[PDB]
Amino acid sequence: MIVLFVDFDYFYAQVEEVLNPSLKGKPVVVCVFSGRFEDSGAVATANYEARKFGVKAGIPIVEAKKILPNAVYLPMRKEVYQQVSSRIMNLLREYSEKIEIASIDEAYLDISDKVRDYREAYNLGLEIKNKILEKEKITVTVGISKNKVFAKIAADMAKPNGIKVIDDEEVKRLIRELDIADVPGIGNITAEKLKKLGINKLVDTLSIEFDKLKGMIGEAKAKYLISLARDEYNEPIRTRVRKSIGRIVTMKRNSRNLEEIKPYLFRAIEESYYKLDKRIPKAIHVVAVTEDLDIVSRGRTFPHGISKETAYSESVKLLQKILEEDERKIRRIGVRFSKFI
């Protein structure tokens, strides 16, 4: 397998720069304003100019402003970024019929039948970068390797606006030298459970007793890491299809008053249906984030499609279930639809 992974640079911020070139060279911060108060909300992402100083995805808009008070703060325009992403994805389809669109700004291409070696793979990578630059003036990073995990790691090592090949020789080196925390799928919590074990390199997962590993991080993640460490990881590139669509909104103030919560729940339903666009869900879940920030959900699956009227009435019953079973107040409220016909 020769996998070519594409990851768009500072995506949301870059799109804003393409639509407004005068932004080039200035720190730009794309924000998710929640509406609770002046600047409440978080940073979706920021371009290099702002990230260099610590303004990154996830931090409070308020903290970003403390760091860079004169940066350009822009509201997230997800619909615009999605449309631009879709066009780039269409360009990528032209280089291989085996394409896995992983997120709003990533895609894996199995170019095994397209190139003979990594030299050719690398050249195709340049061709792809130039094609996207020519057509949408968007820069991206290309990672190439023998499988999806290392192709992604290669891009991580090369961003931004880069391209890198991790050949077989280097894959073996990385299995030995790469911090296991930097392996896709290992977040802070798993990285912590692993440390508890002496494991901080993939290679270390081979000598530890499987059951010990499995009991700490779970069977799936254990087998995953071990397969990688043995250099036997094999996962085909496959067409992905959305499985769920939803919307969650933050309420002006916390509450567990049904009538006070309904307008938000209903608004969330309306927007979710907008997004479904022709897809008919058979399952609906009401999702609530409590005052202490926990997430609670109650759902229902129907033997048929869910009409918006049915979504409205069932959502109330589910929310009622949440209120009848959980004592905490609610901060955010929303819905999630799945099991499309």
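Note that residue numbering follows the sequence shown and begins at 1. If you superpose the two forms and keep the largest set of C-alpha atoms that fall within 1.5 Å, you have the rigid core.
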{"query": "RMS Cα shift after core superposition in 8 other deposited structures of this protein, winner of 189-197 and 126-134", "finding": "189-197"}
{"query": "Core-aligned Cα RMS comparison in 8 other deposited structures of this protein - stretch that moves more, 39-47 or 271-279", "finding": "271-279"}
{"query": "Entry-level comparison of average CA B-factors, 255-263 and 85-93, reporting the higher stretch", "finding": "255-263"}
{"query": "Selected stretch [higher average CA B-factor]: 194-202 or 133-141", "finding": "194-202"}
{"query": "Peak C-alpha temperature factor (PDB record), options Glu63, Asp292, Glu314, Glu49", "finding": "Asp292"}
{"query": "Options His285, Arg279, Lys56, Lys26 - largest CA temperature factor per the record", "finding": "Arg279"}
{"query": "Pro75 - Cα temperature factor, lowest/middle/highest third of chain", "finding": "lowest"}
{"query": "Third assignment of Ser244 from its chain's C-alpha B-factors", "finding": "middle"}
{"query": "Chain third (lowest, middle, highest) by recorded CA B-factor, residue given as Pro69", "finding": "lowest"}
{"query": "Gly35 CA temperature factor, ranked by third within the chain", "finding": "highest"}
{"query": "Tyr224 CA temperature factor, ranked by third within the chain", "finding": "lowest"}
